Amino acid sequence: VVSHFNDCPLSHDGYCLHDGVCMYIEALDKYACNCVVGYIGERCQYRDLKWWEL
């Protein structure tokens with residue numbers, strides 16, 4: 001679908017943990033959260049420690 005792109009609502013890191021990157025997908029009219037690198041769990045809660053303590 002052709003939609004215009006806007007940002008995520010006020011509770012952007014609401015369900016999406018560790019400051020999760022909430023975005024809209026304009027093409028499909030869906031939402032998602034993208035996770036940062038070195039963060040683990042299905043919900044992206046935790047940090048992988050080993051690279052820090054190197």
# chains A, B, ... in the order shown; residues from 1 in each chain; ligands from 1
$ residues_around --residues "range 21-35 of chain A" --least-positions-apart "4" --cutoff "9 Å" --atoms "only C-alpha atoms" --output "number ranges by chain"
A: 1-9, 12-13, 16-17, 39-40, 43-44
$ write_last_selection --atoms "N, CA, C and O atoms" --output "compact mmCIF listing (two decimals), in the first residue's frame"
# COMPACT_ATOMS: atom_id res chain seq x y z
N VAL A 1 0.83 -1.23 0.00
CA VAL A 1 0.00 0.00 0.00
C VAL A 1 0.83 1.24 0.00
O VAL A 1 1.94 1.26 0.53
N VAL A 2 0.35 2.34 -0.61
CA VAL A 2 1.04 3.59 -0.58
C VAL A 2 0.55 4.41 0.56
O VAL A 2 -0.56 4.94 0.57
N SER A 3 1.37 4.53 1.62
CA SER A 3 1.11 5.35 2.76
C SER A 3 2.21 6.34 2.91
O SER A 3 3.24 6.26 2.24
N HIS A 4 2.04 7.33 3.80
CA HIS A 4 3.06 8.28 4.15
C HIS A 4 3.65 7.86 5.45
O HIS A 4 2.98 7.25 6.28
N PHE A 5 4.93 8.17 5.69
CA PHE A 5 5.67 7.67 6.80
C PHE A 5 5.59 8.64 7.93
O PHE A 5 5.72 9.86 7.77
N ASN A 6 5.31 8.12 9.14
CA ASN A 6 5.26 8.88 10.36
C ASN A 6 5.98 8.08 11.39
O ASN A 6 6.40 6.95 11.14
N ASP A 7 6.18 8.66 12.59
CA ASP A 7 6.91 8.04 13.64
C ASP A 7 6.04 7.26 14.56
O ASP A 7 4.81 7.27 14.48
N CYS A 8 6.67 6.54 15.51
CA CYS A 8 6.04 5.74 16.52
C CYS A 8 5.43 6.58 17.59
O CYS A 8 5.92 7.69 17.80
N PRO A 9 4.41 6.18 18.29
CA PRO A 9 3.86 6.95 19.37
C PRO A 9 4.73 7.19 20.55
O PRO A 9 5.83 6.64 20.63
N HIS A 12 7.41 4.69 22.80
CA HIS A 12 8.11 4.05 21.73
C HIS A 12 8.83 2.82 22.18
O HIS A 12 8.83 1.79 21.51
N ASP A 13 9.45 2.88 23.37
CA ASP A 13 10.15 1.79 23.98
C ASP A 13 9.31 1.11 25.01
O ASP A 13 9.79 0.64 26.04
N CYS A 16 8.93 -2.78 23.69
CA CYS A 16 10.21 -3.07 23.14
C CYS A 16 11.30 -2.61 24.05
O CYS A 16 11.45 -1.42 24.33
N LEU A 17 12.10 -3.56 24.57
CA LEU A 17 13.00 -3.34 25.66
C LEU A 17 14.32 -2.78 25.27
O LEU A 17 14.75 -2.82 24.11
N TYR A 39 22.48 -7.21 21.66
CA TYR A 39 21.37 -7.32 22.56
C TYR A 39 20.61 -8.56 22.22
O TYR A 39 20.41 -8.88 21.05
N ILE A 40 20.25 -9.34 23.25
CA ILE A 40 19.79 -10.69 23.12
C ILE A 40 18.52 -10.91 23.86
O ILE A 40 18.08 -10.12 24.70
N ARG A 43 12.77 -10.50 22.98
CA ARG A 43 12.32 -9.17 23.24
C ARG A 43 13.44 -8.20 23.32
O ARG A 43 13.24 -7.00 23.51
N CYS A 44 14.69 -8.66 23.16
CA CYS A 44 15.89 -7.88 23.14
C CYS A 44 16.20 -7.17 24.41
O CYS A 44 16.70 -6.05 24.44
$ atom_distance --atom1 "CA of residue 18 in chain A" --atom2 "CA of residue 42 in chain A"
12.0 Å
$ select_by_dssp --residues "chain A" --states "strand (DSSP E or B)" --output "PyMOL selection string"
chain A and resi 21-25+30-34+39-40+46-47
$ residues_around --residues "residue 52 in chain A" --least-positions-apart "3" --cutoff "12 Å" --atoms "only C-alpha atoms" --output "mmCIF file with C-alpha atoms, in the first residue's frame"
data_model
loop_
_atom_site.group_PDB
_atom_site.id
_atom_site.type_symbol
_atom_site.label_atom_id
_atom_site.label_comp_id
_atom_site.auth_asym_id
_atom_site.auth_seq_id
_atom_site.Cartn_x
_atom_site.Cartn_y
_atom_site.Cartn_z
ATOM 1 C CA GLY A 38 24.794 -7.065 20.974
ATOM 2 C CA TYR A 39 21.371 -7.322 22.564
ATOM 3 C CA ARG A 47 23.159 -7.296 26.798
ATOM 4 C CA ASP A 48 25.687 -9.788 25.581
ATOM 5 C CA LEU A 49 28.532 -9.130 27.972
#
